[PDB]
Amino acid sequence: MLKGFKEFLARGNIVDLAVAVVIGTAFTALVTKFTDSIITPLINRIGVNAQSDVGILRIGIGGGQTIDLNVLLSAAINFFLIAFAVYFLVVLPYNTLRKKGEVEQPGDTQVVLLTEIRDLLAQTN
Amino acid sequence: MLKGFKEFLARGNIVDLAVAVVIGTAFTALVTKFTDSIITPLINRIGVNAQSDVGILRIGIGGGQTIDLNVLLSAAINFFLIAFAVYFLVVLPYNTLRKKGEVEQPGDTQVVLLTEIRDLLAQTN
Amino acid sequence: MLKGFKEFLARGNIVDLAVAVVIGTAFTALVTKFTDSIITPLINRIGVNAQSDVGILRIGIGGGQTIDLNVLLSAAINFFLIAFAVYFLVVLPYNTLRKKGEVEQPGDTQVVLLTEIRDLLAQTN
Amino acid sequence: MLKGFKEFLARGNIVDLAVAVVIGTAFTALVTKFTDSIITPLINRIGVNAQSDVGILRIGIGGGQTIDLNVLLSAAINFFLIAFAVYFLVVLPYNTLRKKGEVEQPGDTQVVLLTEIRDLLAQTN
Amino acid sequence: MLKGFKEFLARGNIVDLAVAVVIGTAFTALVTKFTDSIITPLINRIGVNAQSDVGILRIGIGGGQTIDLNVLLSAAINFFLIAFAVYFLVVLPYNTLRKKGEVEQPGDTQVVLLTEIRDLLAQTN
Ligand SMILES: [Au+]
Ligand SMILES: [Au+]
Ligand SMILES: [Au+]
């Protein structure tokens, strides 16, 4: 069992990925929770949004219906906050490190080797 | 420790992925929120949908039961909006950049290299 | 800024992935919404499921408790429908196109080149 | 337009992926649903868990507060069930197939090719 | 049918990934549940947070509104626990195994081979 989980993990391109979804989900969850506790309430004190129209579904009930705009705006703001947080926390550093050329990846090293291979092959002739 | 987390992050084919799931979930969520606040209500002012039949679960309760179509239809519209949104915002540009050729990738460059190698090895004959 | 987001996207193996999660989550959501509105109610008019046993948690409350089977079954049905939908819509077409041989890919072209190289190298020797 | 969606789909390394997320979310949801309907109720009849302490938030309300264990354990059990399910349904078969050598992959065929090349390049010397 | 799903599965880069999303979502779900059951309550007996301001939406209702801070801190702590959990359970072992090199992967063997090839091509000169 320790062998199946561990042998699958050496195999575990899956491990790199599982972690990625783990962080990705954990983090999106954090930004939206901040938005709900801090932002949505702010949107709400004001709320001259949520308009409406009469709603007596002759199939379900009968009383009144609304169009909540504050929620949409609350969500839009949440979205922007995510883009700023990700781009700023993540993007400035990863893009800066790839430009200064200090980050890595399997495809890139293969390329260097393939390239070196090309050069030597060229030298033989 | 700072070493383990950072070393794992340059490693972060995972980083590319985590970000991808982060945006994918964040965005799908934004579209569904719009569908729910703006669209579901419009579907609802009408609502000649939600039909039903008697429901007295001789196992749970006893009172009445409903089949909501407005929700099914509201959900479907949400989906189309996502398909159009992803395809139009994401698809027209990425597919157009690949056809014109501007977007890049590790596999493609390896190909270029392998190809040149093939051409050279052929030249040696 | 427009340059940074766009340059990271050209970079975006991530874009391929983010899009994938977006569609995958959006679609699963659609299937379950159909199951809940059309199917669960049907399970429920019948609902001779949800059994139970007394439940007075001497730690939290005291009143009664139930085992909802209708939900378990509704979910299962939801699942089978997903399997029929993905396999029938996605699988019949991708397995049939790979069998007839018409789907291109970076890994496959590389193999072709690697193979040509092997053959040529064998010719020199 | 039909050309853009279809050309992106032949392209769909993404399709492979979307299907993966689609299936992954669908299945996990199925297990947790079984956990909730079947398992949680059982945890709950017993429930000598959920302990507590008075809770009158002088900032929000005022009355009493609880620490639920049955849920923590219910989730824990849900989790073990997922691991056994994924590992047993998924892991025994893919690890056995990779070991017996039947599940193929572009990366692996390339390896064989690279390996063969190494061997040949070596015979020349 | 058994052939199409199975043929698609050997094909299944998708299988590696789907399993990855399954484990990532399942695990994040577990961390947050622990936080909610064990942690949020602890945060709450205390709760001198959830501040507020009057809230009578001249568009929706009219009565009062709150900015729940406890939830924000509760979510943050949840996040740390995930970071600690993934890195400590996942990171120490994978980072250590790669350093000891005990861990294997198709990309890495490709590199070794590319290197040897580079080295041999270099010897011919
Ligand atoms: Au009734
Ligand atoms: Au009872
Ligand atoms: Au109390």
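Method information in the entry identifies X-ray crystallography as the source of the structure, with 3.50 Å recorded as the resolution.

(A) Structural context of the overall build of chain A. Per the secondary structure count, chain A includes 4 helices and 2 strands. When the helices and strands of chain A are placed in sequence order, the string is α-α-β-β-α-α. Taking the principal axes of the C-alpha coordinates as reference, chain A spans close to 85 × 45 × 30 Å. Total accessible area on chain A is roughly 6,900 Å²; 67% of this is exposed by carbon and sulfur atoms. With 10 positive and 10 negative side-chain charges, chain A shows a spacing of 5 Å between the two charge centroids.

(B) Looking closely at the nonpolar core. One finds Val21 of chain A, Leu17, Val21 and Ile82 of chain B, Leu17 of chain C together with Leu17 of chain E to be the most contacted residues of the largest nonpolar core, which totals 83 residues. Apart from residues no more than four positions distant in its own chain, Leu17 of chain E is found in contact with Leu17 of chain A together with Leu17, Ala20 and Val21 of chain D. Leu114 of chain C, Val111 and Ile117 of chain D together with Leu113 of chain E belong to the second-largest nonpolar core, a separate cluster that totals 22 residues.

(C) Representation of the packing of aromatic side chains in the model. Scanning the entire structure with this criterion turns up 12 aromatic pairs over all chains. On the basis of an interplanar angle of 75° and a centroid distance of 5.1 Å, the ring pair of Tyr87 of chain B and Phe5 of chain D is categorised as edge-to-face. Of this pair, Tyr87 of chain B sits in helix α3 (residues 69–100) while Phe5 of chain D sits in helix α1 (residues 2–10), which puts the two residues in different chains. Among the residues examined, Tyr87 of chain B registers a relative accessible area of 18% and is labelled buried. Members of the aromatic cluster, each reached through a chain of ring pairs, are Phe5 of chain B together with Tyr87 and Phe88 of chain E.

(D) Here's a closer look at the interface of chain D and chain E. Counting residues at the interface gives 44 residues for chain D, matched by 42 residues for chain E. Surface buried jointly by chain D and chain E totals about 3,500 Å² across both partners, of which 74% is contributed by carbon and sulfur atoms. Between chain D and chain E we count 2 salt bridges in total. With a shortest N-O distance of 3.4 Å, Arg118 of chain D and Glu116 of chain E are connected by a salt bridge. Run the count over chain D and chain E and you get 2 residue pairs in polar contact. Among the elements of the structure, α2 (13–46), β2 (65–67), α3 (69–100) and α4 (106–124) of chain D are those that each provide at least two residues to the side of chain D that touches chain E. The greatest single-element share of the side of chain D that touches chain E, amounting to 11 residues, is contributed by α4 of chain D. Across the side of chain D that touches chain E, the residue classes break down as 26 nonpolar, 11 polar and 7 charged.

About the criteria used
- Residues numbered from 1 in each chain as written, not as in the entry; some residues may be left out.
- Chains lettered and ligands numbered in written order.
- Heavy atoms only, no water.
- Helix = DSSP H or I, 4+ residues; strand = E, 2+ residues; numbered from the N terminus.
- Areas by Shrake-Rupley, 256 points an atom, 1.4 Å probe, with all protein chains shown as cover.
- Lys, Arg positive; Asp, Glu negative; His and termini not counted.
- Charge placed at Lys NZ, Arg CZ, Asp CG, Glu CD.
- Core = buried A, V, L, I, M, F, W, Y, C linked by side-chain atoms within 4.5 Å.
- Buried < 20%, exposed > 50% of the residue type's maximum accessible area, 1.4 Å probe, protein only.
- Contact = heavy atoms within 4.5 Å.
- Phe/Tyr/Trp six-rings, centres within 6.5 Å; stacked < 30°, edge-to-face > 60°.
- Buried area = accessible area lost by both parts, 1.4 Å probe.
- Salt bridge = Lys/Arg side-chain N within 4 Å of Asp/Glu carboxyl O.
- Polar contact = N/O pair within 3.5 Å; in protein donor to acceptor, adjacent residues only side chain to side chain.
- Nonpolar A, V, L, I, M, F, W, Y, C, P; charged D, E, K, R; others polar.

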